[PDB]
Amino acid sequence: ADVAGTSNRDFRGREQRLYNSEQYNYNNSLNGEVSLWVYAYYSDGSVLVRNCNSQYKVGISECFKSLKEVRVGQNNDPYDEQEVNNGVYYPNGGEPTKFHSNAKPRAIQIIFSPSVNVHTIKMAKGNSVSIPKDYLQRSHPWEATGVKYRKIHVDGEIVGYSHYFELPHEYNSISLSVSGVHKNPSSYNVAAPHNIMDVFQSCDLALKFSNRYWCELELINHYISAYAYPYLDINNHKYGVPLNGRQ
């Protein structure tokens, strides 16, 4: 046989490159996943991830309470934190023993898989009682924020998209929903009658994941890297696995 890495008959080499290319392009096919991660960062350094993986379109919807840090199996002062909720839903509306709950997110990162079309991204960053813009009567139910999404590049390939905003002020008390649609460069509407019921089933079939990791290092190591997910850390370091045309 020919010698490895010296000719066009390194079929092992060609097959490796095709395997990676097939995965990248399958993901971008209408058969492929579109994935969304919402990361809530807490002052103790831990990070809640909410993930959804689905065909055609994907989303996550959270309220003020559901974004708050919960240390499973540890003390979370639930009565006091309910009083925090009451005090955040209406000024002077509760009697907690604290001014600022350390369970409040300090920041949010939204990351999409590279199979999203950024022009379809929508976000409702609402107030603490789940209104998009102060009052329902004046609220568009979303903002289209795609132009703010940064490309996560690795080795010249887009491995994902990130929108990051901090919540450093005392009044940064939010509710949050996010939605994105899978790329479709064809003119075949996946939600027209020939395929519409499959998009309804995709709403059923969407897989969700949630966990609170004790720090960003642990998240990077045992979540992001373990499962070939894209990420951007606090030092602007990019994570992900480039696949198209690559060995």
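All residue numbers are counted from 1 along the displayed sequence.
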So, looking at the entry's B-factor column for Cα atoms, which has the higher mean, 126 to 134 or 73 to 81? 73 to 81
For the CA B factor values reported in this entry, which option in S66, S187, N51, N195 has the top one? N51
By the entry's C-alpha temperature factors, tell me which of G93, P141, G146, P105 sits highest. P105
Taking the C-alpha B-factors as the PDB entry records them, is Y56 in the lowest, middle or highest third of its chain? middle
Mind checking which third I174 falls in for C-alpha B-factor across the chain? lowest
Assigned third (lowest, middle, highest) for the C-alpha B factor of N86: highest
For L219, the third of its chain into which the C-alpha B factor falls: middle
Comparing against every modelled residue in the chain, figure out the third that the C-alpha B-factor of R212 lands in (lowest, middle or highest). lowest
